Structure formats: structure tokens, C-alpha cells
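The structure under discussion appears below in the form of C-alpha cells.
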Amino acid sequence: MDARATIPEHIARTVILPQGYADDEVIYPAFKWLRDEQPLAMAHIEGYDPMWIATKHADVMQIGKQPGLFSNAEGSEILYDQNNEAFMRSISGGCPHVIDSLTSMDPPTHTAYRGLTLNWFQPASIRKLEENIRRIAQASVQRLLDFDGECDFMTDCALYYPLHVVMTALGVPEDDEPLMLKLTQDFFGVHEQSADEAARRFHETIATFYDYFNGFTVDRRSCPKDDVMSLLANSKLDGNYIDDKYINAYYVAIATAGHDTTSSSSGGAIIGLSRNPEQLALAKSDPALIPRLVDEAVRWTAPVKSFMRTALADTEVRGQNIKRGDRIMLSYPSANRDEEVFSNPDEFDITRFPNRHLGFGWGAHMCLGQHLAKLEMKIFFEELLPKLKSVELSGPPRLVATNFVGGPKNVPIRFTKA
Ligand code: HEM
Ligand SMILES: CC1=CC[C@@H](C(C)(C)O)CC1
Ligand SMILES: CC1=CC[C@@H](C(C)(C)O)CC1
């Protein structure tokens with residue numbers, strides 16, 4: 001048990017473990033204490049590696065923008081306990097990355113693979129999806145309106161539109177919805193068999209998904225389209241096609257990254273608006289505010305609770321001596337309530353501007369999908385809000401108990417139709 005750990009065990013447990021993330025009033029006060037008293041310090045709790053907890057907005061940016069010093073590739077970029085990490089390595093040829101996605105990479109590899117789609121995901125390219133996104137948003141709004149004034153905003157509505165959007169961006173047909181839900185909800189969901197058994201199911205299931213995706217790769221090499229599958233399928237590096245393992249990991253990364261985060265942030269927006277009806281009234285009388293509503297939903301929800309980095313050299317941050325090999329947890333939620341940046345950060349306020357939140361991260365790995373996420377949420381709220389006279393919560397929201405991709409999973413609401 002590492003001599004440098006100074007974070008009290010009860011605080012360290014609260015910020016590291018998955019369970020506390022199910023309650024805002026458990027997690028945020030723990031980060032507040034850290035920001036006030038031990039803004040960048042080391043924690044070591046049973047079953048986890050020792051790790052620095054980056055709680056300050058400044059620090060999360062400084063770390064995120066220096067991938068040559070603070071690595072995604074060297075350790076697990078995801079916060080696993082040791083048993084889970086060991087399992088992951090045992091099914092991944094010793095690597096602490098289950099697939100070859102962008103978040104598993106460091107420059108220059110990372111730069112090359114990110115660069116394959118970087119232009120596609122810029123605003124002017126994404127803007128062309130507007131009409132498709134708007135049709136998809138209207139269908140989800142219609143799903144909600146088919147209820148007689150009562151539903152679960154997540155499971156009856158917000159679960160769907162962001163998956164359809166990622167599907168449209170990839171090129172996956174609408175009829176493959178069941179398969180895509182299995183992908184993001186079952187196979188890569190959080191689950192709140194011996195070891196050899198779970199390993200067998202994993203290898204068999206990922207092969208099934210990769211075989212499915214390969215069919216698209218092949219198809220798009222003969223019949224190109226303006227989708228991401230086609231872009232990746234027809235991409236070359238050093239005069240050759242990209243290996244299937246990178247292509248298929250890219251498809252998976254796009255679907256998994258872009259589904260829950262967007263859905264959860266949408267749920268957060270609904271929670272904010274239900275607790276602050278004056279803001280619903282404002283977004284409805286001034287639709288030009290919706291982009292600020294969207295950014296506030298992402299700040300306040302912060303569905304991505306963490307990513308990890310490993311220090312590749314001895315170095316200094318906020319006066320602390322970070323040593324080669326030390327792991328660091330980046331807390332986007334804590335950065336997003338940093339009092340040095342935001343006033344009254346616990347308040348949901350759609351007028352907040354500027355809104356320099358880290359819900360999409362910062363630096364070399366900053367969310368590839370951010371522009372698509374902002375566009376689709378904007379369009380969704382543009383279509384939903386005129387249709388609602390009022391919305392309120394009918395009971396407590398249920399948040400995912402995870403230290404990774406969390407936020408609202410169930411948001412029971414009542415509403416009146418406009
Ligand atoms: C509100 C919705 C979303 C949130 C909060 C979110 C958040 C994040 C965050 C925090 C990261 C890590 C950034 C870092 O290390 O600095 C990330 C990476 C990524 N996100 Fe998003 N995301 C969202 C929507 C999407 C969408 C719609 C896509 C669709 C393509 C997407 C694709 C990605 C990819 C591919 C990466 C890895 C990029 C890399 O490693 O270079 N995300 N996202
Ligand atoms: C490896 C993996 C971890 C998280 C998954 C989730 C829950 C975000 O879909 C996506 C992919
Ligand atoms: C937000 C996000 C969740 C999953 C990551 C992974 C593990 C697919 O690279 C990509 C980015």
C-alpha cells in the first residue's frame with residue numbers, strides 16, 4: 001500500500017468505486033473536498049493501483065493536451081480494478097486494451113488513425129447530415145408523444161435517436177437496430193461463468209460483430225457511399241488498406257462512444273428542465289438558446305466520469321512530483337464543477353456562457369464525435385421543446401452505477417402536450 005497516498009480512504013473509495021456515481025450527492029461533495037483540500041493527490045484503495053486524482057479543470061486540460069507525457073496506450077485508459085484489468089489483459093494478448101480503438105493509441109499511431117476520419121467529423125461535413133438527423137429526431141419525438149403524458153424519457157425516447165444517428169453516420173441500415181442495441185447495451189454495457197467461460201463468450205461474440213462489420217467494409221470497397229464505413233473501408237496508410245482490427249474497432253468506438261453519452265446527456269437536459277421550468281419556458285421562447293442548453297446538459301451531466309493516463313516520465317503538475325509509471329484519473333465531472341471556472345456549478349443554467357466544460361475531454365483525444373453530438377442534441381431539442389407545454393419528473397432519475405460512462409439511465413416523466 002503506497003506510502004505517497006494522502007487521500008483519506010473514505011474519499012478515495014467514493015471517487016474511484018462505481019457505486020457512488022449513482023448519486024450526485026455522494027459523488028460531487030467528495031470531489032468538492034478534493035478540489036478544496038487535495039486538488040491533485042494520490043489515492044490507494046484495496047484492489048486498485050495507486051493513482052493521482054485530477055480534480056481541477058486546469059489540471060485535466062494540462063494532462064489531456066500532453067499525450068507524449070501522459071499516455072493512453074501504456075496502461076488501461078479505462079478505470080478497472082486489478083482483477084478486471086488482469087482479465088482484460090488475459091483476453092487481449094497481454095495488452096490492457098480489449099480492442100484497437102483510438103483511446104488505446106498514442107501519437108504518432110493515434111494521430112494517423114484519428115486523422116482518417118477527423119475531417120468527416122468537423123461541423124461543415126456533419127452539417128450535411130442535418131435532414132437525416134431531423135427525420136430521426138422527429139421519429140423519437142413522435143415515440144414520446146404517442147404516450148398519454150407519461151413515460152420514461154430514456155427508455156421510451158432518448159435511448160433511440162442517438163443510436164439511429166450513429167447508425168446513419170456509419171451506414172448501418174435501420175433494420176439492424178436490434179443488433180446495434182446488443183452491441184452498445186448488452187455486449188459492451190456495464191453489468192452492475194469461470195474466467196475461461198467469460199473469455200470464450202467474449203472472443204466468440206466480438207468475432208460475430210467483426211464478421212458483420214467486415215461485410216460493410218467489403219461492400220463499400222465496391223459501392224462507395226458518403227458514410228464513415230465507406231471512408232474507413234477506402235482509406236489507406238502507406239499505400240495499403242487499414243487492417244480489419246483498426247477498422248472494426250473504429251466502428252465499435254463510434255457506436256459505443258456516441259450512444260450512451262448522448263442519450264444520458266439528453267436525459268440530463270430533461271432533468272435540468274424539469275427542476276427548472278422557467279428554463280423550459282426560455283428555450284421555447286428563444287430557440288437560439290438550444291446550443292447553450294446542449295452544452296449545459298453535457299457539462300452538468302458529465303456522462304463520461306473518467307479516463308485514465310499513465311505518466312511516461314517524472315514530471316510536475318500543481319507542484320506535485322508525478323513519477324514515471326504513475327496512473328492518473330481524469331475527473332471530467334469534478335472539472336465541470338470547478339469553482340475557479342464555473343459559478344454555482346451545481347445549478348443547471350442553460351444561459352451559462354461561456355461554458356468551457358470538459359464533458360468532451362480536452363487535448364489529443366478530445367471527443368471525435370463532439371460536433372455530431374452537439375448537432376443531434378440541438379436538432380432533437382429543437383423538435384421536442386415546441387411540442388411540450390410542460391415537463392416534470394414523476395419520480396427519482398436512476399443513474400448508472402459506474403466510474404466510466406454513466407449518467408441517467410431512467411428518467412420517469414410526466415408532460416403536457418403543446
Ligand atoms: C454528449 C455526447 C458525448 C460525450 C460526453 C462524449 C465524451 C467523450 C469523451 C470524454 C472522450 C474522451 C476525450 C479525451 O480523452 O480527452 C470521447 C472520446 C471519443 N468520442 Fe465522444 N462523447 C460524446 C459523443 C460522441 C459521439 C456522438 C461520437 C460519435 C462518433 C463519439 C466518439 C468518440 C470517439 C471516437 C472518441 C475517441 C477519440 C480519440 O481517442 O481520439 N463521442 N468522447
Ligand atoms: C470496451 C467498452 C467499455 C464501455 C462500453 C460502454 C458501456 C460505454 O458502451 C463501450 C466499449
Ligand atoms: C466516450 C468513449 C467510450 C468508449 C471508448 C472506447 C473504449 C470504445 O475506445 C471511446 C470513447
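Below, all heavy atoms of this structure are taken into account, side chains as well, without hydrogens, waters or symmetry copies. In what follows, residues are counted from 1 in the order of the sequence shown.
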Q: For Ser101 and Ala249, work out which heavy atoms get closest and say how close.
A: N-CB, 3.7 Å
Q.
I need the minimum non-hydrogen distance between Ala199 and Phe87, along with the two atoms involved.
A. N-CZ, 3.8 Å
Q) Between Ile11, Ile53, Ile7, which is the residue that forms a side chain to side chain contact (heavy atoms under 4.5 Å, CB included) with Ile16? A) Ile53
Side-chain donor/acceptor pairs under 3.5 Å, residues 207-216, sequence neighbours excluded:
unit_1: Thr208; atom_1: OG1; unit_2: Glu204; atom_2: O; d: 3.2
unit_1: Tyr212; atom_1: OH; unit_2: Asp176; atom_2: OD2; d: 2.6
unit_1: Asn214; atom_1: OD1; unit_2: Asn248; atom_2: ND2; d: 3.0

Output a table of donor-acceptor pairs, distance under 3.5 Å, between side-chain atoms of residues 253-262 and any protein atom two or more places apart or on a different chain; print 'none' if there are none.
unit_1: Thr256; atom_1: OG1; unit_2: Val252; atom_2: O; d: 2.8
unit_1: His259; atom_1: ND1; unit_2: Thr184; atom_2: OG1; d: 2.8
unit_1: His259; atom_1: ND1; unit_2: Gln185; atom_2: NE2; d: 3.4
unit_1: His259; atom_1: NE2; unit_2: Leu159; atom_2: O; d: 2.6
unit_1: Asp260; atom_1: OD1; unit_2: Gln185; atom_2: NE2; d: 2.9
unit_1: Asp260; atom_1: OD1; unit_2: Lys409; atom_2: NZ; d: 3.4
unit_1: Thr261; atom_1: OG1; unit_2: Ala257; atom_2: O; d: 2.5
unit_1: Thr262; atom_1: OG1; unit_2: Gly258; atom_2: O; d: 2.9

Q.
Check whether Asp156 reaches the backbone of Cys151 with its side chain - one donor and one acceptor, N or O, closer than 3.5 Å.
A. no
Q | Heavy-atom closest pair, residues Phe153 and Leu384 | A | CE1-CD2, 4.1 Å
Q) Is there a donor-acceptor contact under 3.5 Å linking the side chains of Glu77 and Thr103? A) yes
Q) Got a donor-acceptor contact below 3.5 angstrom from the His357 side chain to the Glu296 backbone? A) no
**Q.** Pair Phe360 + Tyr332: ring centers closer than 6.0 Å
**A.** no
Q.
Suppose the criterion is salt bridge (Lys or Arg N to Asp or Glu O under 4.0 Å): which pairs have a residue in residues 231-241, not counting sequence neighbours?
A. none
Q.
So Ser263 and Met154, do their side chains get closer than 4.5 Å, heavy atoms only?
A. yes
**Q.** Donor on one side chain, acceptor on other, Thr416 and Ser390, under 3.5 Å
**A.** yes
Q: Quick one: list whatever passes side chain to side chain contact (heavy atoms under 4.5 Å, CB included) with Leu145, sequence neighbours left out.
A: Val141, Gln142, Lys387, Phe415, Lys417
Q. Is the closest side-chain donor-acceptor distance between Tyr161 and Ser266 under 3.5 Å?
A. yes
Q) Between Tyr48 and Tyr80, does the ring centre distance come in under 6.0 Å? A) no
Q) Considering residues at least two apart in sequence or located in another chain, which fulfil the side chain to side chain contact (heavy atoms under 4.5 Å, CB included) criterion with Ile27? A) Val15, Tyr21, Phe31
Q. What are the two closest heavy atoms between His97 and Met88, and how far apart are they?
A. N-SD, 3.7 Å
Q | Donor-acceptor side-chain pairing of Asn234 and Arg221 below 3.5 angstrom | A | no
(Q) Do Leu237 and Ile242 have side chains that approach each other closer than 4.5 Å (heavy atoms only, starting at C-beta)? (A) yes
Q: Scan residues 394-408 for pairs that pass side-chain hydrogen bond (donor to acceptor under 3.5 Å, both in side chains), counting only residues two or more places apart or in two chains.
A: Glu192-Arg398, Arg398-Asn410
Q. What are the two closest non-hydrogen atoms of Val172 and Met229, and how far apart are they?
A. CG2-CE, 4.0 Å
Q. Is any side-chain heavy atom of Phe342 closer than 4.5 Å to a side-chain heavy atom of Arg299?
A. yes
